[PDB]
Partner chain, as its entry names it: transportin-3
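Starting off, we have a lone chain in the form solved without its partner chain, written out as structure tokens.
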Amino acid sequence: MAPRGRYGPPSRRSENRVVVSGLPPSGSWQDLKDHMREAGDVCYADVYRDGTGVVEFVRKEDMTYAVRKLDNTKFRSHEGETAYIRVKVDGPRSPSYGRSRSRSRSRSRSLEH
């Protein structure tokens, strides 16, 4: 629950993307962006039919702002239906195989470094 800045020297940065949950029966990513736009300048936004979605901002400023200020906000669909949505910064999440990601992995036993 509590992040940190000492464990592994980053070397990717990534575009930074967050995930949303609480989309209506008749909604789309394009419609979500218009709502998240309040956070700042959106660069990308997608929404799965499962119910959850994802949004991407230019600078982290809009990211942290959205997950903070735009956290648990009532979403509005062009159809005329509201829906409680929640934003969160994409973190330790991988339905795929387990693989020690935030554990340790022992280390010091590879053929490189």
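Positions refer to the first chain, counted from 1.
The form solved in complex with its partner chain exists for this protein as well; it is not shown, and the discussion that follows is about that form.
Its partner chain in the deposited bound form is not approached by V58, whose heavy atoms all lie more than 4.5 angstroms from it. For the chain shown alone, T82 is not a contact residue for its partner chain in the deposited bound form, no non-hydrogen atom being within 4.5 angstroms. Taking the partner from elsewhere, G51 is found to have every heavy atom lying beyond 4.5 Å of its partner chain in the deposited bound form.
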